[PDB]
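Q: Chains as they are written, first to last, in the numbering used here: chain A, 1 to 107; chain B, 108 to 1320; chain C, 1321 to 1374. After the structure tokens below, expect a handful of questions from me.
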Amino acid sequence: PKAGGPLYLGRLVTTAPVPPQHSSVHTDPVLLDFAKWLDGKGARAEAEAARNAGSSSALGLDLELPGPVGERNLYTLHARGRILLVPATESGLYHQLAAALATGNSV
Amino acid sequence: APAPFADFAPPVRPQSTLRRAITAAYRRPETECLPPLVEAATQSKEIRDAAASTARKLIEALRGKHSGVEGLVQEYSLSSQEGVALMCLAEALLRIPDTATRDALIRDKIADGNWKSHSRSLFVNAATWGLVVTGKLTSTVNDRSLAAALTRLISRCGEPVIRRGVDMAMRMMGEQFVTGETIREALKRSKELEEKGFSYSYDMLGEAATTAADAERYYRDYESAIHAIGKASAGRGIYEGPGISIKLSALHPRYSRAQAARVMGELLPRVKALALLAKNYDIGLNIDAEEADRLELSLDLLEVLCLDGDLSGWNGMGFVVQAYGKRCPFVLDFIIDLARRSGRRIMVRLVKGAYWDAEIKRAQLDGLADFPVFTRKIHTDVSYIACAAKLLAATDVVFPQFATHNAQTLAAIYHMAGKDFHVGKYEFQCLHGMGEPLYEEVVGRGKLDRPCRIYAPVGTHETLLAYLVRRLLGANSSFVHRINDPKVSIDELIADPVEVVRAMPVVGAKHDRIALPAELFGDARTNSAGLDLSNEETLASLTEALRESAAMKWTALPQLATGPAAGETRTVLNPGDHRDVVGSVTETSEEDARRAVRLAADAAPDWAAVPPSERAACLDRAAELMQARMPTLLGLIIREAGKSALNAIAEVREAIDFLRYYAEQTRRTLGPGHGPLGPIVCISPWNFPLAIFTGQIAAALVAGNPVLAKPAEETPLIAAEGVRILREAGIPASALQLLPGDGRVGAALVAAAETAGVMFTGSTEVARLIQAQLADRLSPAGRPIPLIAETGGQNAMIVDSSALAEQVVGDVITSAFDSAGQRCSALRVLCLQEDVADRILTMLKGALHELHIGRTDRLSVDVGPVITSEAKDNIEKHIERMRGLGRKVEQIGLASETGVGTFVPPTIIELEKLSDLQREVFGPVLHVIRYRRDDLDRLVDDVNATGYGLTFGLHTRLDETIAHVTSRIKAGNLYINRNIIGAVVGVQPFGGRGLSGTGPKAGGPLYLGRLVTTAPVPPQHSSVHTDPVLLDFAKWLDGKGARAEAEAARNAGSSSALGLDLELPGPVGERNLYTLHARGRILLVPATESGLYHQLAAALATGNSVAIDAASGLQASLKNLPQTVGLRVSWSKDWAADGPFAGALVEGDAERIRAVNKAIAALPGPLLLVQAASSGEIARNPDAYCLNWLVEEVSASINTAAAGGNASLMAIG
Amino acid sequence: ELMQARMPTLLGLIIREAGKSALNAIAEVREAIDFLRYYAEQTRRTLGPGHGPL
Ligand SMILES: Cc1cc2nc3c(=O)[nH]c(=O)nc-3n(C[C@H](O)[C@H](O)[C@H](O)COP(=O)(O)OP(=O)(O)OC[C@H]3O[C@@H](n4cnc5c(N)ncnc54)[C@H](O)[C@@H]3O)c2cc1C
Ligand SMILES: NC(=O)c1ccc[n+]([C@@H]2O[C@H](COP(=O)([O-])OP(=O)(O)OC[C@H]3O[C@@H](n4cnc5c(N)ncnc54)[C@H](O)[C@@H]3O)[C@@H](O)[C@H]2O)c1
Ligand SMILES: OCc1ccc2c(c1)CCO2
Ligand SMILES: [Mg+2]
């Protein structure tokens, strides 16, 4: 994560905290389609994890940070890109997909 | 057969001179109200100095002893969101009844990690807690921010912070926001301050009954409280002893002027019964003051009660008057006179007023002349002091009760009242948990030795939070906010409002930052004006005008350019009573319809030659004529179309707004190069028989086209009157021909060779017939005849467990049953989250049974008839099918008087799945579906799956749910936390997608451009955003060597207005947004490679995907597309299998275009907006395909006052 | 606080050891101060018993 930014300290502990202002009201639509697919096949635990990931993802965060006058300093969270998924089990794959899709990524 | 309007709105009683003086002041200009108030509030210099010194002493005492929430935020270093989230968690933990269970859940589960693990968002009331924590009101809740903050604070601080939050919330909700959870607890807690000289008035928190059952519950709560208060009073009497305060709106679900007869018949006896009990215990019973439109009605109840001999011997009846209201001094004159006449010493509570922001919004929405309240806070302060001077001169006949937390106000009155005091002369009043710090500096021999009665709310956490937002507005102009602001000096707080107002350059000027309703749109155009159906003068004048309209010999004739034409003549009957003949229509022969089109064609050059500015002037003159003629137009609409007076007002206002909006849009856009299409056939529906009729015609005319106006066969008379008005305003007869008759006249007009465009509003099935007719046709240039087809809806509202049930029910009743559900925008499918469905459904059914159905020439009628017996038959066949499947069906019982008309009772049908509905049922039939919260996204899919896309409503407080639902729903008009029937021209540009419309939206800025051969650039119509798939396609084109096409693609990317996102000016307390999105999947029918590339560029630049005709043989032209572009591209051999499409682009010669147009018209489902061009046209004209028609307009109207107040107006004082 | 108070001395070292101009040495020390204070504040906003160190 970026130095001098709110995600940095969380990389240096074994369980990351929720950083200040770190949330988004946006839900990735492909995540939502994935959750519905999971519910269709009765993967109830995975569909719940998918919905929870969709909500707790901060993808779409878009903040203006306090700074000097005459400048606008913006901070935004986007998808990383394409995530390599190395699953072992079907449930593991569903959880990995949920995490990656909820954050806007392809896999 | 009762005479029309003979019983329209008779007043409860003949209006006395004193009552008429009240009504005369209702909306009196503020500059006229203030001077007499300044005069009445003037005091001597010695008194003003003494009052300033007393106020300074009180304020110094207040500031010298000035926290609970603040101390918690400080101790745990909470952010504001953490503080709010903590209080929401505490609120939820307090819903666990057993203390040991709550403490165990905190210790073992909440503190130790996932609070989420233990059907209702924790944050439903976060707007209220945000007000507590931050002093600022947000209308909706950022539940994801709160969830993050709660996780963060629990993980950082653990059980200790949760414990402190719970204890704080328990103190605030059980001891501060209320005196007690029950009347017994409140009475026990009142002894301490009673011993110091305070008294109490208890508020059981009942308000705004929605059902008979609610009103009964509030009644029995008041009755039980009176017993408890009277037992505790124990003979102390009405001044030393406690009393009760009631709200009339709690005691009847239809407390309004329109239902005055039911109010006097049903509400009055209930108040009397409560008053008789208060009399027996000799306690005060005060009637709280509510919205401005209930003031004068409440006076009729006060009058009866004070004259009722059964209540004689008791002086405990009390009545609030709101000094922020322009009628206040005249109301006081009336009350003082009533006290003299009755011999009752009426207890008069003078307040400033609690509904200020709502009154501003209401007057703006209703287009009324002025506000019923002042718009500068200082004016209310002067009004209050002036009214106190009037009350203090009448202490022998009334008991003044000065309710205020403002130390300057208090000091002014304390000195005005003078040194002679006895208990019973007057008192002050304050709110529990707010006013005690001030009044502990007032009550008692050691202070000012003046009594104070504490207004004491009593009730549970559920009841308290309901209207706590209103009670806290804590606005920047509020004394209690200012006393705590360090930047506000005592000298500022003790400033004398009377002397400040007196010295202003214009005494009583309106607030500069609040628009009068007529000025909502500023320089752009004049807002239409409505009528105040709570104003007795307006009702009396309207009654006469309505009666006079029923004596007019209304006719509708084929008005050809050559004069009226003969034809088959029949009567037009009132749908609510077929014995009431409204007028006569002569219908147009198909021969004369064709002749009219030929005359329109011959006249087209002369009308196109009238400059756009002068055409727009005709529209503006027509709007002025319609505004002046509104009362007469109302009567015709009421009797011809089954509309209530309120809905007829809206109808005429909408027509006026269309005229003025299209006039202004013309003045912004149209020039010599925007040539008219030619004769336009305007075919309109019956249900908005003036507004939509006028809108289509006005748009076509002002764009320079002569019009053939074919109104619905059910409602020709108001159409004929609209045409008469337009002709009077200067539209030549050759430019506007009226052709009454049925669908045959419409079809003959559509089929006529010189018809250059069709504007249709009506059913989807009829539009499909018109689409088929036009598929045979090409313009003389060999291009498709433009069709605007605005069609039906299957409109849903989604309600989650965070919504306020009473708000939902009101919006549902209005959206589903207003006009008997005969609005295209009407709510058809209500979707209730499972956890709240039963409670909301019970409330909705209770509200349904309070509706009055009947002939609409009575103000008391809520729901009128359906338009015809065939419509009734069609609706009832649907109801019976549903009932025959076992679905639960709730219907209001109809009065026998409905037998002379065609009525369908408002009906609620509980469905199992949304697929139970086939087509739009255009009647008063609400379907109800239940959904589990996790299935919200699937539900949105189901709503979209109908293929309609007109109006859609969402009731939620939760930003995550708003973002999700609004991003996934596909409808043209979205409404958040309000009804779904809003179509304010230029504010909610109206029109849908799919089976609901082709667009462009009526009342929006793309509309006129469809009625000319070369579309202008609408005002504000641009976007800085470039579709990234378009950009990838442009790069691909360059890599393929298609250099000119790549340049055209880049140009299309820039020219596209996809991503436009505007807020449209409108009323306070609402945000009205207008956005341009992709339409969906566009069918591309290319002929050449270059044409395909241009078609693709146009479609991608506007955000669409495409289905390309596989029969074009152009597959080899799209080899090696970037994956981003390939994702948007499909190839279609069977177009009907790969739809629905959202538009089409066609390349070919004239006969190819004709053949393709026929094939497109044959596709199932939505009408497609087709644009065609030849290969040469594509080469010559960069705008061969116009990007205006490849985007989809979406209007979203958000009620930002839904949380209980207006944040933006908190800064306006 | 110590780096702020000792900024002039730190500047001299940075200028001579790292080839920095005075203005960029000031920026260097300011950034170090800001990291210290920012991570301190972020810690005060976030870290609790369950966020164990690596
Ligand atoms: C015991 C008690 C009983 C009450 N009963 C009722 C009741 O039955 N009905 C009712 O409507 N209210 C009632 N109120 C009053 C209402 O709830 C507010 O408490 C009251 O208006 C606040 O005025 P204040 O003088 O204490 O303070 P202030 O800060 O002096 O006055 C604030 C008031 O100024 C007015 N105001 C604010 N901005 C503007 C503006 N831009 N233009 C014009 N006016 C403005 C509003 O009325 C606002 O409430 C009652 C109040 C008390 C204390
Ligand atoms: N999307 C909107 O803005 C909007 C607004 C109001 C009403 N509507 C829809 O209008 C419908 C109700 O109005 P209605 O009952 O008057 O509609 P309709 O389809 O019955 O009739 C509409 C008009 O088309 C004419 N007509 C009928 N058959 C025709 C034909 N074969 N060729 C040419 N013209 C023909 C009628 O005479 C009438 O003037 C509802 O479905 C409603 O949802 C849509
Ligand atoms: O908050 C004080 C208050 C008391 C009674 C009342 C209102 C406010 C509004 C209508 O009735
Ligand atoms: Mg019809």
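Think of the CB as a built atom: it goes at the ideal place given N, C-alpha and C, for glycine as much as any other residue.
#1: Could you tell me the alpha carbon to alpha carbon distance between residue 953 (chain B) and residue 1015 (chain B), rounded to whole angstroms?
#2: Give me the residue from B:1031, B:944, B:976, B:999 with the minimum Cα distance to residue 925 (chain B).
#3: Who are the neighbours of residue 1364 (chain C) on chain B, taking C-beta pairs under 8 Å?
#4: Determine the extent of the alpha helix (DSSP H) in which residue 865 (chain B) is found, giving its start and end residues.
#5: Below 9 Å on C-beta distance, what does residue 264 (chain B) contact in chain E?
#6: Can we count residue 429 (chain B) as close to ligand 1, meaning its CB is less than 6 Å from some heavy atom?
#7: Starting from residue 1018 (chain B), trace the beta strand (DSSP E) both ways and give me its first and last residue.
#8: When you compare the CB positions of residue 719 (chain B) and residue 773 (chain B), do they come within less than 7 Å of one another, or not?
#9: Round the Cβ separation of residue 491 (chain B) and residue 459 (chain B) to the nearest angstrom and send it over; I've been treating them as touching at under 8 Å.
#10: Below 6 Å, is the gap between the Cβ of residue 1322 (chain C) and the nearest heavy atom of ligand 3?
#11: For residue 408 (chain B), which of helix, strand or coil comes out of DSSP?
#12: Quick check: the Cα distance between residue 1045 (chain B) and residue 1082 (chain B), rounded to an integer number of angstroms?
#13: Give me the residue from A:77, A:86, A:18, A:4 with the minimum Cα distance to residue 1357 (chain C).
#14: Residue 941 (chain B) and residue 1075 (chain B) - do their beta-carbons sit closer together than 7 Å?
#15: Taking 6 Å as the cut-off, is the C-beta of residue 456 (chain B) nearer than that to any heavy atom in ligand 3?
#16: Against chain C, does residue 20 (chain A) count as a neighbour if the rule is that its beta carbon must be under 7 Å from one of theirs?
#17: Are the beta-carbon atoms of residue 634 (chain B) and residue 627 (chain B) separated by less than 7 Å?
#18: Determine the closest residue to residue 958 (chain B) out of B:1002, B:934, B:991, with distance taken between C-alpha atoms.
#19: Is the CB-CB distance between residue 894 (chain B) and residue 919 (chain B) below 7 Å?
#20: Along the chain, where does the alpha helix (DSSP H) that runs through residue 471 (chain B) open and close?
#21: From the beta carbon of residue 1070 (chain B), is the nearest beta carbon of chain A less than 7 Å away?
#22: Between which two residues does the beta strand (DSSP E) holding residue 693 (chain B) run?
#23: Mind checking if residue 61 (chain A) is an interface residue toward chain C, Cβ cutoff 7 Å exclusive?
#24: What is the C-beta distance between residue 853 (chain B) and residue 694 (chain B), in whole angstroms, given that I count them as a contact (C-beta under 8 Å)?
#25: What do you reckon, are the CB atoms on residue 1108 (chain B) and residue 821 (chain B) nearer than 7 Å?
#26: So is the beta-carbon of residue 464 (chain B) under 6 Å away from any non-hydrogen atom of ligand 3?
#27: Please compile the residues from chain A whose C-beta is within a distance smaller than 9 Å of the C-beta of residue 1343 (chain C).
#28: In chain order, what residues of the same chain have a beta carbon less than 7 Å from the beta carbon of residue 1114 (chain B), not counting five sequence neighbours either side?
#29: Where in the region 192-272 of chain B do unbroken runs of the alpha helix (DSSP H), each at least 4 residues long, occur, reported from the N-terminal end onward?
#30: What are the residues of the region 1217-1228 of chain B that lie near chain A, defined by any Cβ-Cβ distance shorter than 9 Å?
#31: Could you pull the DSSP bridge partners for residue 1238 (chain B) from this structure?
#32: If you reduce the DSSP assignment to three classes, tell me which class residue 574 (chain B) lands in.
#33: Excluding five sequence neighbours on each side, which residues of the same chain lie with their C-beta closer than 8 Å to the C-beta of residue 796 (chain B)?
#34: Any idea what DSSP makes of residue 508 (chain B), helix, strand or coil?
#35: Report all residues from its chain with a CB closer than 7 Å to the CB of residue 1128 (chain B); omit the five preceding and five following residues, and keep chain order.
#36: Using a Cβ cut-off of 9 Å, pull out every chain C residue sitting near residue 9 (chain A), in sequence order please.
A: Taking the definition as stated:
#1: 11 Å
#2: B:1031
#3: 184
#4: From DSSP, residue 865 (chain B) is part of no alpha helix (DSSP H) but of the beta strand (DSSP E) over 864-868.
#5: The displayed structure is made up of protein chains A, B and C, and chain E is not among them.
#6: yes
#7: Segment: none, residue 1018 (chain B) is in no beta strand (DSSP E) and carries neither H nor E.
#8: yes
#9: 6 Å
#10: no
#11: helix
#12: 20 Å
#13: A:4
#14: no
#15: no
#16: yes
#17: yes
#18: B:1002
#19: no
#20: 463-472
#21: yes
#22: 684-693
#23: no
#24: The Cβ separation is near 12 Å, so there is no contact.
#25: no
#26: no
#27: Per Cβ cutoff of 9 Å: no residues; residue 1343 (chain C) is ~17 Å from chain A at best.
#28: 806, 1107, 1108
#29: 206-212, 233-241
#30: none
#31: B:1215
#32: coil
#33: 744, 747, 748, 758, 818, 819, 821, 822, 825, 826
#34: strand
#35: 1112, 1164, 1167
#36: 1359, 1362, 1363, 1366, 1367, 1371
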